[PDB]
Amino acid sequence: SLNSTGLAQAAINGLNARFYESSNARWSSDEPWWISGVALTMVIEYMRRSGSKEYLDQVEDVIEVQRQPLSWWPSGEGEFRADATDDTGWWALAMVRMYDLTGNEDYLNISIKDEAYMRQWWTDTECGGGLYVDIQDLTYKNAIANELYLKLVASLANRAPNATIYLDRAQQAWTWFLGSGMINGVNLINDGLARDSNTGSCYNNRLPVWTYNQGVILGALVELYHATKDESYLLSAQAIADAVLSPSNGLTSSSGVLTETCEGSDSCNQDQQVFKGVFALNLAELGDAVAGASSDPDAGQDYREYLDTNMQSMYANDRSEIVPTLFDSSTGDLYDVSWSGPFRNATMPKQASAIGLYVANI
């Protein structure tokens, strides 16, 4: 059969062999900085799920260098506080993951500083809540920045000392998200909100449905369930996941393979190339929560079967290996954007999205 642990390591080795820069403690400086944060999350989650620790030294190096004041946003004063609330959000959740792996309180402190940073741009005056993504411009309250924040306050509600304040924030934040209108008629989440030019009211902008906007929200609801023991959060998360798995919604193909909307026109940019892996990692978190919340042995079987179906299609149609030489003994696997389509090239976001699918099957 297929061993996801050995393939996750092979995919991580291909990511490092092709894109890691030892002189910068970062993957691919030519790619968005926040995707290096997603990459660290995939590697941390691999170690936590496989019990390994082979990349712990490398990961600790990345944190030490990237936690310094960013050259393009010095006013953030480091600790992953950047010029966009979602850029900060990806690194903050990675620090929550590292705290889960190591138990070192230093990493939890970074998440606490990041929560207080992002909360600065939550306003009740526009759309009745939510935070902005563009710290400099302050014109867009989108879905991904509010999903990252919601999963951050919900995670702190289970780990931080002053857990009650964080639980109140998460409960008020989910209530705003649910009532914002970003969740549409088929329980899928569009990109963000638009504002009426005359009334000041906000509404679903009907922008595309991206896969990672259906995943981060699942992990936030799992943390909310863990902090309240209320299964109502799991049932809402299961409705969002079921809509993704339904082939009638255009995100799951007739073969059962997850497909970004940009794959048909072959126009997935550097951001969209990483989306699918973020969903698969969060879906596996939902499945673990569903299987434990009930005694039925088939609990969460559809989510595990879905991840297994997608792992096999990527393995067979999207794989390519690096050429070993007489000098470089580097080995591993490379992957493209389509988890069923052909392999043409490999980019760091595509590779990080592929790691997440294997780690979701561990």
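Position 1 is the first residue in the sequence shown; the rest follow in order.
Engineer: Output the stretch having the higher mean C-alpha B factor in the entry; the candidates are 302-310 and 325-333.
Structural biologist: Between 325-333 and 302-310, it is 325-333 that shows the higher mean C-alpha B-factor.
Engineer: What stretch has the higher average Cα B-factor here, 93-101 or 264-272?
Structural biologist: Per the deposited B-factors, the answer is 264-272.
Engineer: By the CA temperature factor listed in this entry, which of these ranks top: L207, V257, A145, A116?
Structural biologist: Each of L207, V257, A145, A116 was compared by C-alpha B-factor; the highest is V257.
Engineer: Checking the record values for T211, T164, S111, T88, which has the greatest CA B factor?
Structural biologist: Among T211, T164, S111, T88, the highest C-alpha B-factor in the entry belongs to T164.
Engineer: Would you mind ranking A227 by its C-alpha B-factor against the rest of the chain and naming the third, lowest, middle or highest?
Structural biologist: Ranked within chain, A227 CA B lands in the middle tercile.
Engineer: Can you tell me which third, lowest, middle or highest, the CA B-factor of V290 falls into for its chain?
Structural biologist: According to the entry, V290 has a C-alpha B-factor in the chain's highest third.
Engineer: Place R48 in the lowest, middle or highest third of its chain's C-alpha B-factors, as listed in the PDB entry.
Structural biologist: For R48, the deposited C-alpha B-factor lands in the middle third.
Engineer: Against its chain's modelled residues, does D137's Cα B factor rank lowest, middle or highest third?
Structural biologist: Top third by C-alpha B-factor.
Engineer: In terms of the chain's CA B-factor thirds, is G215 lowest, middle or highest?
Structural biologist: CA B-factor rank for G215: lowest third.
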